[PDB]
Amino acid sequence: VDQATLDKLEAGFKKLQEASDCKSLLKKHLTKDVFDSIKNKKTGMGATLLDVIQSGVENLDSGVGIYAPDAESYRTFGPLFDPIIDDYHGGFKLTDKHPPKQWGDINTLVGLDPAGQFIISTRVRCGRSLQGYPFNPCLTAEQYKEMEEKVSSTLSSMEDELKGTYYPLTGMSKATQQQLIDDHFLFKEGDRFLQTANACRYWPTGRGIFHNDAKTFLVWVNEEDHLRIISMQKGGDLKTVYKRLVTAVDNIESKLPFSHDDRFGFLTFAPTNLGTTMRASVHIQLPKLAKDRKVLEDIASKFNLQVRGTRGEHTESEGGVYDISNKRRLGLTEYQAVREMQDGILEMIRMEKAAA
């Protein structure tokens, strides 16, 4: 590590202290004992502790605040990642090791809201990393194009329900883009947390979205992760949604080599998406229980569920519509993950029905 870097790190660490109102896991776990212990480390690709915490330092409002420039970062800066991963994922020790991929008995899933008075839509996604490629911050503009090439090709061989067209962000009309974002299909453009983590370089080169005409199956290309395999649709038919995602992933996995860590499961750019990389969500309306986003969040937390705005994380709820999903992704199976969301939603719906 050079000198200019340490200057910004020492300056960054101090900033986290003078932010009495900062509640990010970064501040909560980057002790002076942890800071000094690794701030002088660098990875084979030149990633430093600054490339890891820069986003959380510049955005005190972050909930986590860090990212892994390359797979090696997860271990080079273990002292910092390890405790953050443990806290977030509901308890993941140092000796712990994520379990083997297990979709589970899909047949055991049920409809989330029959009467259809609360649930608007259901969605489940996973994240994958192409072997041979580092994470965003370590990518060259040429690598974004290479990766875009590989993924688009592999997806052109999707058949039946999973058959669709790849739409590059480069050349996409502002109208088409804005609509796909507003319809909750396409990832938003320019996220401050990602920008400051240098995850958006050369934008929009190599970025794109693949999806079948129904747009119930989608693959985000080069946003936060190399790939994001999405399955979504209106209603609470979690069974179908999950089943579809499973089909897609198993198929895609037989064609593209994805990075998998003996301990962290499937590797991702961010620590909250490790392991199963699964975020099973629903856009739900709970008028009585959501009489204060805060009281709703306290309820959901008891079920290991997370609450997000209608347009995604770091956004507000629009017209009572909230994004509730399983928070944990590492330390449990795909099946267990999707189940925490299922079980959690079923109870909250009940609590809502009995609510005064």
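Note that residue numbering begins at 1 and tracks the sequence as displayed.
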Avg C-alpha B-factor, entry values, 35 to 43 vs 283 to 291, higher side is 35 to 43
Higher-B stretch (mean Cα B-factor, as the entry records it), 157 to 165 or 122 to 130:
157 to 165
Which one of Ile66, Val307, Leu50, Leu330 shows the biggest C-alpha B-factor in the PDB entry?
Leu50
Reading the B-factor column for Cα atoms of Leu94, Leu112, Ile230, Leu186, the highest value belongs to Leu94
Sorting the chain's modelled residues by C-alpha B-factor and splitting them into thirds places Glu10 in the highest
Check where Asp343 lands among this chain's C-alpha B-factors and tell me if it's the lowest, middle or highest third.
middle
Pull the Cα B-factor of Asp225 out of the PDB entry and bin it into the chain's lowest, middle or highest third.
lowest
Is the Cα B-factor recorded for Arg75 in the lowest, middle or highest third of its chain?
highest
Ranked C-alpha temperature factor of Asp323 among modelled chain residues, by third
lowest
